[PDB]
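Beneath this line is the structure, given in structure tokens, with notes to follow.
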Amino acid sequence: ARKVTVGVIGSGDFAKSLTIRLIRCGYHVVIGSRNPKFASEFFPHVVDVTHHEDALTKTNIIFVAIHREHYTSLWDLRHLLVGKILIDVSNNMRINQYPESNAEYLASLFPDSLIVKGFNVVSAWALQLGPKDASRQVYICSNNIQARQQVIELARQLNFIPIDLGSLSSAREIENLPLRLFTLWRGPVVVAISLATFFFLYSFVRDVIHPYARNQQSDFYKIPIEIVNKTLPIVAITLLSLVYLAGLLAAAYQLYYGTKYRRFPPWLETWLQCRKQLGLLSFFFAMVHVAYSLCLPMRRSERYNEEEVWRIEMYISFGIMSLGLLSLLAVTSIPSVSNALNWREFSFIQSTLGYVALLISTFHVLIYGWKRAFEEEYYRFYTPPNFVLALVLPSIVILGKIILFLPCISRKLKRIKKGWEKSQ
Amino acid sequence: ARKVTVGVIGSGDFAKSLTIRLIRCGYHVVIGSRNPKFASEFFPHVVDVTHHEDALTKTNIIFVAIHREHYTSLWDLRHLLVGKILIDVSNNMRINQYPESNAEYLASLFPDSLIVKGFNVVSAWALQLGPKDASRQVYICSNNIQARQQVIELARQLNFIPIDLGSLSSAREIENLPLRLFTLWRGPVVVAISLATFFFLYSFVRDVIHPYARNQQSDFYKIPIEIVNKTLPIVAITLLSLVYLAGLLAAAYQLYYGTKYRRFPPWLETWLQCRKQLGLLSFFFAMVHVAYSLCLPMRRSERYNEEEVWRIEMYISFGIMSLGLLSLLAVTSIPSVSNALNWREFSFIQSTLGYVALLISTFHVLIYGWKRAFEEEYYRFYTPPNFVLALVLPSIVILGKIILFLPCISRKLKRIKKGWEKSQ
Amino acid sequence: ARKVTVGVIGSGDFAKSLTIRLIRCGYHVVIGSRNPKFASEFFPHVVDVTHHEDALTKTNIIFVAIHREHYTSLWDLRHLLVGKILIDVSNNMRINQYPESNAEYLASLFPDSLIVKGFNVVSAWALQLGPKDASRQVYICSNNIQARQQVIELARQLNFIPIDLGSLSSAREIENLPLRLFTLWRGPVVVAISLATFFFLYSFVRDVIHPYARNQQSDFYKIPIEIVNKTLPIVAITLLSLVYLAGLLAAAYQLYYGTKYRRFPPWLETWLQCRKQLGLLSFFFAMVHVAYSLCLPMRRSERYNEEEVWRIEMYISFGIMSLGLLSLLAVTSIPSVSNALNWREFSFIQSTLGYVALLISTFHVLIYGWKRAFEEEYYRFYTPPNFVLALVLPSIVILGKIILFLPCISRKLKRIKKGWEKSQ
Ligand SMILES: Cc1cc2nc3c(=O)[nH]c(=O)nc-3n(C[C@H](O)[C@H](O)[C@H](O)COP(=O)(O)OP(=O)(O)OC[C@H]3O[C@@H](n4cnc5c(N)ncnc54)[C@H](O)[C@@H]3O)c2cc1C
Ligand SMILES: Cc1cc2nc3c(=O)[nH]c(=O)nc-3n(C[C@H](O)[C@H](O)[C@H](O)COP(=O)(O)OP(=O)(O)OC[C@H]3O[C@@H](n4cnc5c(N)ncnc54)[C@H](O)[C@@H]3O)c2cc1C
Ligand SMILES: Cc1cc2nc3c(=O)[nH]c(=O)nc-3n(C[C@H](O)[C@H](O)[C@H](O)COP(=O)(O)OP(=O)(O)OC[C@H]3O[C@@H](n4cnc5c(N)ncnc54)[C@H](O)[C@@H]3O)c2cc1C
Ligand SMILES: NC(=O)c1ccc[n+]([C@@H]2O[C@H](COP(=O)([O-])OP(=O)(O)OC[C@H]3O[C@@H](n4cnc5c(N)ncnc54)[C@H](OP(=O)(O)O)[C@@H]3O)[C@@H](O)[C@H]2O)c1
Ligand SMILES: NC(=O)c1ccc[n+]([C@@H]2O[C@H](COP(=O)([O-])OP(=O)(O)OC[C@H]3O[C@@H](n4cnc5c(N)ncnc54)[C@H](OP(=O)(O)O)[C@@H]3O)[C@@H](O)[C@H]2O)c1
Ligand SMILES: NC(=O)c1ccc[n+]([C@@H]2O[C@H](COP(=O)([O-])OP(=O)(O)OC[C@H]3O[C@@H](n4cnc5c(N)ncnc54)[C@H](OP(=O)(O)O)[C@@H]3O)[C@@H](O)[C@H]2O)c1
Ligand code: HEM
Ligand code: HEM
Ligand code: HEM
Ligand SMILES: CC(C)CCC[C@@H](C)[C@H]1CC[C@H]2[C@@H]3CC=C4C[C@@H](O)CC[C@]4(C)[C@H]3CC[C@]12C
Ligand SMILES: CC(C)CCC[C@@H](C)[C@H]1CC[C@H]2[C@@H]3CC=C4C[C@@H](O)CC[C@]4(C)[C@H]3CC[C@]12C
Ligand SMILES: CC(C)CCC[C@@H](C)[C@H]1CC[C@H]2[C@@H]3CC=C4C[C@@H](O)CC[C@]4(C)[C@H]3CC[C@]12C
Ligand SMILES: CC(C)CCC[C@@H](C)[C@H]1CC[C@H]2[C@@H]3CC=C4C[C@@H](O)CC[C@]4(C)[C@H]3CC[C@]12C
Ligand SMILES: CC(C)CCC[C@@H](C)[C@H]1CC[C@H]2[C@@H]3CC=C4C[C@@H](O)CC[C@]4(C)[C@H]3CC[C@]12C
Ligand SMILES: CC(C)CCC[C@@H](C)[C@H]1CC[C@H]2[C@@H]3CC=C4C[C@@H](O)CC[C@]4(C)[C@H]3CC[C@]12C
């Protein structure tokens, strides 16, 4: 029933938190540091703190809890670290800082050891605490199977969820993972902000400034949130149109080149990768628009034609249908739901029901426009009304999709999708 | 640091996509085809394309990327495929097309080889691309442990998420998996459509046609979406009633037979299996009803008694309570949330809070009916009003559930639930 | 192709359901009972029911499907259970009933056997049925690797999802797991109920009783659900304030003590652990408030100043912003979404956007209060209006957070967060 000894190199924040987590989870830790005299009182009395040359002798699994630039300080400990699993927990301060990942550099430093990458994601504060809602998954990568399984078992005993990802070819991925902060959302968010700013300025120029000399009824105790009420929906529908224009453009490139075995242009690849983020931003903005259209027009201050009844009911119904379809798409976007669906079912949901949602949203805007545009006042300052642009982009998307259904084009796109593209 | 060679049989769409994915993920591929002269220019220069008899010699893991009906074309390669892992990636065009699954048929063809089922779910386009939101899980089944783990490691190196499911007894399941398209939703969707059509026709006959001779105030510029506003809620509540009538009927069958060790009738089994789909359809229709009741009655065109204040506030509150409980049930229906809950907690949530939601919905409809039914006009054309049916079904469900609480019945149902049913 | 024999000890409800599940999943079961004459007709004809001393001879994996207090009845079968995997499926009737878990007690009883904990979560009715939406994950813990993997494979063949959690140090956790019923929700729910009751009584005393002698316009055909409309929002905002006051107090304790390596007081630890439950309760109550504010003020019975337009639009917009941020936080609270986010991204979302949501909610309440408080009538009965308390708690939270941004305090808190706390 003797506890298994685990070695740790260095005495820092991560070393102390790791030692706490190991001791609480039924382990015995041997820590090697340059000056055990200095670091001995830091650690509890059940921690055996000695020199570098001593800790390695009495352990098999060693956490290299030092920074990358100090790895060469372990050069003298080359023949002691023979056949001993070295768990590399290091992290970089910048994505792609070095030509090779930290684990591969360590492996090149110590050819005879068994280098296992892992435990870098935890923050030396989740190690001190118990289970945490973000830092409960640890990714482990080693080119040696046995050492990888030993480290996975160690992670299991430390109340973690081990995740196996390969043979140090994945070390770069799990070193870049702790450093990323919504990398795929930056582009969609910038696009949404740009669209919102442009439509805000368009409404300000057309709706307010052009009749401002006529009326001039607003001051700083007024705000253009009638304009944000006209800006959120257009941004949402434009984001949906951008979600599906990427697929249209991919089809166009495939038809033009004649093969699917040609890499898309880098901008098209980035556009295709962030379609989920664009769609979720569109759903969020559509929901905010629904909230505004419910709360504001019906407020207590708002209390201060049969064909019109027709129109109002009909485009409200179309908006509700589109919102329901978008809600289905967003629900399927949860990782568990997406993984629980076949690729055929997921493709049906996303592609088909999103195209249907875009078409229904186009009708929902189109009715409003149909009896808000024929009056020459709203065709103001030579500038089309707000709904005209929010129609012109989904119109392009929908006409493209319909073009893709033509028999000649459908046949030339099936002959590509199904492999016979251009034999050579 | 030499790359591991992986063999592939055949040169088709799947073979080419698989070769691309293998080469990009640090592998070396040897492809065997009938005519290497023909297929050599198809594949890159780092691909060794030779005959069938040559590729097997220089590899250990071989992807049998050919259709099932051509498996007998490998009969001559029986003594070369001795002890070599054969990954069967084949798929059928129809569920339960053949008496035995593809993997088992291959294993019977080659008794001495190690047959591993896997990689059929990916679509030869997710292999070409990177990570995909539906095709990132691969299911692997082999009756040999070592070969199964080798194939799982191979899937890990190919940026997939290996899932182990057994010993080729699960081959049929993961061959039917790529072919299913919402199999459990078909029944609930057909039931919902039937209910919606019946209630639409009922409202058309009662609300419109019966006084149509009296008024005749509608034309084709009118639509019965006052009727869909009366059809969505009834369909939602009826779907909930059908969700819980299945449990009531299962209890009735258990009490009648005296044991739980008797298989339910096939219709009852299918009803019990699709309870989740019926409940989610009910939640979706209830949410659509909430959206209609918010957007339509308050529209700008809609602008064109204390006990009544009482009633309106009270049934709105009951509707909100029921919607909240249904939202809790739907949130627990996510696979991650369901797996994160104990069976006791999940049972409490679903059973208890869904019965409470059904009861509260019954009250919410019942108040509306209580002061919309006593007037003889709404008891029109000898036909009960719309809410009467939406009450009569949940009333049956609730009276059944209350009957199940009787001391004699509760005791006879505990003596069953807890094992003492009928000893023999 | 001979089936693998699996032994089962005892003949009860769990034994029968387990035997059914094993037989259906291609196994052959040998059941040992005290009186095979009695239990033989219970089980099918393909089940070999014999004495205790006979079943062990013809099997290797044995399910000890008897209660803990009867384990000593297997004392005579000590030398027969040598090297045989014993899967302990037992459960306790109370959390922490015994000093050592059931699996560890069994292991102490039989030192020479290989004890594996598992299959306790399933309810002897999910074993009889097929896949179930709560009982499809089984947790397995053994201090022997090989036996643990054998039991995991057995669980895989039984259409389960094996989960490995360690070396019998996790046996207590997975014995307590079937017994817990929302353990972390009890405290937050009691707090929410207490807040709701207190604010209901406060509104009853101030809003109704104090002018009750003045007007007396209500009877039992009236209800205080104008008061629940004033109670739900305050409870939601107070729950959010309590969510973040825990972090403020943790920071205060860290600054006072000078280290993060000191355990928080038990009440603070329990407060910190249940922050997710408090936040989700706050989100649920905020959504119920949104539903009430939409449905009730706009009802058909409700149909029975430019700066005010200003105010109404502005605080509605702030409420919508806060609801959107809370929705983002709740979406990230799904286990799949939380596990799919880096700890940095999850920390950003939760901490930063929740503080922003709290600030925006404070403004949203504050505008309403700003032009509903300056009238001396609402400062009624020497008691502050309802919004004043719902402001005073988030005000304390926000001033604390701002204090944490002071340069001296920020520096003393970074010197703690980053390890240099108090060297010894
Ligand atoms: C609310 C919301 C949530 C969303 N969530 C997600 C999400 O979680 N994940 C996600 O990925 N997206 C998500 N999306 C976006 C969604 O994936 C896209 O809208 C949808 O995939 C577009 O379908 P498509 O037909 O344009 O593209 P696809 O079907 O993906 O194909 C794009 C292009 O590739 C071609 N192509 C397709 N299959 C093949 C093949 N086998 N061989 C050759 N060429 C082929 C098509 O012809 C087309 O030119 C979401 C969108 C919304 C609105
Ligand atoms: C929005 C929504 C979402 C839903 N999501 C899901 C979902 O994700 N998954 C899902 O499965 N369902 C889901 N449902 C449906 C839900 O499961 C059912 O409403 C609920 O289980 C019915 O409870 P019950 O008491 O009728 O049935 P159960 O408790 O399941 O039992 C049915 C019958 O079996 C008997 N029985 C139960 N336990 C035993 C036992 N141990 N031994 C012998 N007999 C027993 C009962 O007496 C009864 O006769 C959802 C419903 C809704 C509205
Ligand atoms: C709708 C909703 C859903 C929610 N869902 C969840 C959920 O799923 N999971 C969950 O956990 N919470 C959840 N929450 C609550 C959420 O986690 C908290 O609101 C948030 O974490 C508080 O941030 P903080 O800065 O106060 O605390 P934290 O950042 O967690 O830190 C608390 C204290 O620890 C200190 N500290 C932090 N990091 C370190 C460190 N490295 N070293 C030393 N000291 C440190 C801080 O200074 C502070 O004193 C939810 C809340 C809401 C409203
Ligand atoms: N939150 C975290 O801290 C965290 C989280 C994840 C991963 N990590 C990784 O874990 C490792 C430990 O980080 P840390 O925060 O603990 O680092 P730190 O506080 O900077 O500690 C540096 C450690 O390196 C040792 N060291 C050895 N040779 C050295 C040299 N020449 N110069 C300087 N130091 C030398 C020191 O040990 P002596 O006492 O013997 O000098 C000391 O224990 C890093 O690789 C980090 O990327 C940290
Ligand atoms: N999207 C997909 O394509 C996909 C996805 C998942 C699974 N799969 C499975 O993967 C396998 C490959 O599918 P595929 O689409 O690549 O098929 P395909 O395009 O029809 O190719 C058929 C292949 O079979 C070989 N073959 C051998 N003997 C043959 C014979 N007698 N008659 C005809 N062909 C013979 C051919 O090789 P030669 O050049 O030597 O003649 C050719 O490479 C199938 O089992 C399929 O079910 C495919
Ligand atoms: N839903 C469930 O039932 C469920 C779920 C999860 C886990 N479990 C666990 O699985 C085990 C089986 O539970 P169960 O519900 O089947 O129990 P049960 O109905 O009470 O059966 C008791 C069993 O213990 C045997 N036994 C041996 N020595 C005994 C003694 N001295 N006194 C009494 N019985 C003795 C009996 O076998 P003989 O015929 O030879 O006397 C009988 O088969 C328990 O440990 C339970 O915690 C049960
Ligand atoms: C319950 C669901 C919805 C309701 C009740 C609703 C309501 C409305 C209303 C009343 C208008 C008239 C303009 C205004 O009031 O400011 C409008 C316009 C608009 N709707 Fe919606 N909507 C819904 C969903 C959606 C969705 C999901 C989309 C797009 C994905 C969308 C796209 C638009 C657009 C772009 C406009 C712009 C028209 C203009 O600014 O002139 N709507 N909506
Ligand atoms: C915020 C939540 C809800 C609100 C505001 C609401 C509102 C209403 C209103 C105003 C009516 C009167 C009939 C009408 O206006 O067309 C009604 C009727 C009805 N409600 Fe709801 N409801 C809600 C939730 C629900 C839910 C969740 C269910 C069932 C699961 C439900 C079941 C019904 C049914 C069946 C009727 C039919 C009455 C009739 O057609 O005569 N309601 N609801
Ligand atoms: C769409 C979102 C929201 C809308 C439309 C809304 C609407 C309102 C309205 C109209 C009032 C005036 C008092 C009343 O009508 O009873 C109010 C008050 C209040 N709001 Fe909201 N709200 C929203 C979201 C929120 C959220 C998310 C919170 C807190 C997390 C919140 C906190 C409060 C509080 C505490 C009051 C109390 C004021 C009082 O009782 O005097 N609101 N809200
Ligand atoms: C993050 C996502 C949303 C980015 C999508 C933004 C779109 C509108 C941007 C991003 C990159 C852009 C492309 C970048 C480069 C070129 C080449 C030149 O001929 C101008 C047009 C063209 C082809 C641009 C078209 C618009 C474009 C595709
Ligand atoms: C929204 C838009 C971008 C959707 C795509 C429309 C355009 C780009 C597509 C639709 C029809 C396509 C054409 C269909 C047929 C041919 C004939 C052959 O020579 C291949 C290219 C060519 C000439 C295609 C070029 C691209 C094309 C013109
Ligand atoms: C997919 C789900 C929702 C199906 C539920 C539909 C219900 C209403 C249908 C489906 C199958 C049907 C049963 C099929 C067969 C019989 C036998 C005969 O005596 C008529 C009634 C009875 C017992 C039917 C009752 C109604 C029933 C249970
Ligand atoms: C909604 C409905 C279907 C719920 C179930 C109600 C009916 C079917 C149930 C409830 C009470 C049950 C009875 C309770 C007691 C007995 C006595 C004994 O001889 C077993 C059968 C019998 C006669 C049961 C038959 C089924 C029964 C009548
Ligand atoms: C389950 C969660 C929400 C519990 C949070 C409830 C809060 C308000 C309660 C729970 C435990 C309580 C603490 C328990 C003990 C003490 C010590 C004494 O000096 C009184 C105050 C103090 C410090 C209490 C302050 C309020 C407190 C922190
Ligand atoms: C909402 C509230 C609880 C937030 C926290 C505010 C209080 C408790 C915090 C904020 C500023 C803190 C002080 C900042 C600086 C010092 C000086 C040094 O001697 C450490 C303790 C001491 C004296 C701290 C004690 C705790 C403190 C006073």
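Chain A residue numbers are taken from Swiss-Prot; in order, the displayed residues are 28-331, 350-469.
We read in the header that electron microscopy, 3.2 Å was used to get this structure.
Keep in mind that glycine also has a Cβ here, set from the backbone N, Cα and C atoms.
Swiss-Prot annotations:
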- A:38-41, A:60-61, A:93-100, A:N118, A:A151: NADP(+) binding site (BINDING)
- A:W152, A:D160, A:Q281, A:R302, A:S378, A:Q395: FAD binding site (BINDING)
- A:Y229, A:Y319: Fe(3+) binding site (BINDING)
- A:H316, A:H409: heme b binding site (BINDING)
- A:208-228: transmembrane segment (TRANSMEM)
- A:259-279: transmembrane segment (TRANSMEM)
- A:305-325: transmembrane segment (TRANSMEM)
- A:359-379: transmembrane segment (TRANSMEM)
- A:393-413: transmembrane segment (TRANSMEM)
- A:432-452: transmembrane segment (TRANSMEM)
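Positions of the features from Swiss-Prot, shown on the structure.
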residue	record	DSSP class
A:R95	NADP(+) binding site	helix
A:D160	FAD binding site	coil
A:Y229	Fe(3+) binding site	helix
A:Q281	FAD binding site	helix
A:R302	FAD binding site	helix
A:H316	heme b binding site	helix
A:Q395	FAD binding site	helix
A:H409	heme b binding site	helix
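When the binding-site residues A:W152, A:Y229, A:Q281, A:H316, A:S378 are ranked by how far their Cα is from the Cα of A:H97 (NADP(+) binding site), A:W152 comes first. If one looks beyond the transmembrane segment (A:432-452) by at least 6 residues along the same chain, the residues whose Cβ comes under 8 Å of a Cβ in the stretch are 226, 260-261, 264-265, 267-269, 271-272, 275, 278-279, 400, 403-404, 406-407, 410-411, 413-414, 417-418, 458. When the Cα atoms are compared, A:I93 (NADP(+) binding site) and A:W152 (FAD binding site) turn out to be 17 Å apart. Missing residues between A:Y331 and A:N350: 18. Distance between their CA atoms: 21 Å. The shortest Cα-Cα distance from A:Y229 (Fe(3+) binding site) to any of the binding-site residues (A:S38, A:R95, A:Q281, A:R302) is found for A:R302. With a 10 A radius on its CB, A:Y319 (Fe(3+) binding site) counts 20 other CB atoms from all the protein chains.
Residues listed for FAD, A:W152, A:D160, A:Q281, A:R302, A:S378, A:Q395, cover a largest CA to CA span of 49 Å.
Less than 6 Å separates the Cβ from ligand 1 in the case of A:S378, drawn from the binding-site residues A:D40, A:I93, A:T99, A:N118, A:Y319, A:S378 in sequence order. The secondary structure of A:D40 (NADP(+) binding site), as reduced to three states from DSSP, is helical. In this structure, the binding-site residues A:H97, A:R302, A:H316, A:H409 were compared by how many other Cβ atoms lie within 10 Å of their Cβ, and the smallest count belongs to A:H97. A:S378 (FAD binding site) sits 24 Å from A:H409 (heme b binding site), counting Cα to Cα. Set side by side, the binding-site residues A:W152, A:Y229 differ in how many other CB atoms lie within 10 angstroms of their CB, and the most is found at A:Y229.
The two recorded residues, A:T99 (NADP(+) binding site) and A:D160 (FAD binding site), show a Cα separation of 36 Å.
The binding-site residues shown are A:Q281, A:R302, A:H316, A:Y319; of these, the one with its CA atom nearest the CA of A:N118 (NADP(+) binding site) is A:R302. Relative to A:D40 (NADP(+) binding site), the binding-site residues with Cα atoms inside 10 Å are A:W152, the candidates having been A:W152, A:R302, A:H316.
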